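In: This one is an experimental structure. Sequence first:
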Amino acid sequence: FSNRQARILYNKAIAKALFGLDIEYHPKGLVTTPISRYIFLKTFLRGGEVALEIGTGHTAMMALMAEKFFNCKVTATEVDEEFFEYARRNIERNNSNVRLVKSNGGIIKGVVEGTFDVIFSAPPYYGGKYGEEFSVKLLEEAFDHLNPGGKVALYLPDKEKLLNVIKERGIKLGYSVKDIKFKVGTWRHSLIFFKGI
């Protein structure tokens, strides 16, 4: 598709002009819009974090941004082997130290070890009754992999039922939550869950 084509050249140009990133896009990969995702990061990243991204995707855009702009020590997972291959190439084309880990299907248990100040993701969301399952499992598994005062941030669509479920579940897990909404912009939400103590 050529409308996708225009959309991917527009984004690749944004990636380079705003972020200094040379990004190659896989032909059936999601059209990663960097400006929205940077804006998501500004919502919780403060500099210096030991960071895990779940599901970086073909572009690895957020892992790359977190390391370049926020001084983070990044580990990033991907489950799709084609998408993993592009992440590898994007990490290399940008002289990056992100640690790319292949997932055989899990989220964090059985995929990575260690602890983090931040664990973040732009989850798929479409299973569960409202598309919330993945986000809820990530929040369950993330708990033991966070340092005191660590957090999990999720980049999520404007879907009221889905957001409310994720929020109540995260709270039931022991987190507090900040929900910040922004249009950047064809409406997005950053759900930030604080472990604390």
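Out: Looks like it came in fine. Numbering: from 1, shown residues only.
In: Would you mind measuring from residue 168 to residue 135?
Out: Counting by C-beta to C-beta, to the nearest Å, the gap between residue 168 and residue 135 amounts to 12 Å. The way it works is simple: take the backbone N, C-alpha and C, and place the C-beta from them, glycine included.
In: Residue 110 - how many residues pack around it?
Out: 11 (other C-beta atoms under 10 Å).
In: can you tell me which residues contact it?
Out: residue 104 (C-beta atoms under 8 Å, 6 or more residues apart in numbering).
In: hang on, it in a helix?
Out: No: looking at residue 110 with DSSP: H, G, I helix; E, B strand; the rest coil, it is coil, so not inside a helix.
In: picking that back up, higher neighbour count, residue 168 and residue 135?
Out: Shown here are residue 168 and residue 135; by other C-beta under 10 Å, residue 135 has more neighbours (28 against 12).
In: Spit out the contact partners of the residue nearest the centre of the chain.
Out: Most central residue of the chain, judged by C-alpha distance to the mean C-alpha position with C-alpha atoms, centre = their mean, is residue 121 at 2.8 Å. By C-beta under 8 Å, 6+ apart, the contact set of residue 121 is 53-55, 135, 138, 152-155.
In: Looking at strand pairing, list the partners for it.
Out: Applying DSSP bridges to residue 121 yields these beta-bridge partners: residue 54, residue 154.
In: Check the spacing between it and residue 7 real quick.
Out: Counting by C-beta to C-beta, the separation of residue 121 from residue 7 is 23 Å.
In: Residue 130 now?
Out: With C-beta to C-beta as the criterion, residue 130 and residue 7 are 28 Å apart.
In: Next: residue 168.
Out: When residue 168 is compared with residue 7 (using C-beta to C-beta), they lie 35 Å apart.
In: Tell me where the longest helix sits in the chain.
Out: helix 2-19 (DSSP state H).
In: Check which helices and strands that helix sits against.
Out: In terms of contacts (3 or more C-beta pairs under 8 Å, 6 or more residues apart in numbering; DSSP states H and E), helix 2-19 is packed against helix 34-42, helix 61-70.
In: Distance to residue 162 and mean neighbour count added to those, as a markdown table?
Out: Shown next, in a markdown table, are these (distance: least, C-beta to C-beta, whole Å; neighbours: other C-beta atoms under 10 Å):
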| stretch | distance to residue 162 | mean neighbour count |
| --- | --- | --- |
| helix 34-42 | 17 | 20 |
| helix 61-70 | 20 | 23 |
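In: can I get those in a markdown table with distance to residue 16?
Out: Shown next, in a markdown table, are the helices and strands packed on helix 2-19 (distance: least, C-beta to C-beta, whole Å):
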| stretch | distance to residue 16 |
| --- | --- |
| helix 34-42 | 9 |
| helix 61-70 | 12 |
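In: Number of residues surrounding residue 81?
Out: Residues within reach of residue 81, counting by other C-beta under 10 Å, total 8.
In: show me the contacts for it.
Out: With C-beta under 8 Å, 6+ apart as the criterion, the residues that contact residue 81 are residue 102.
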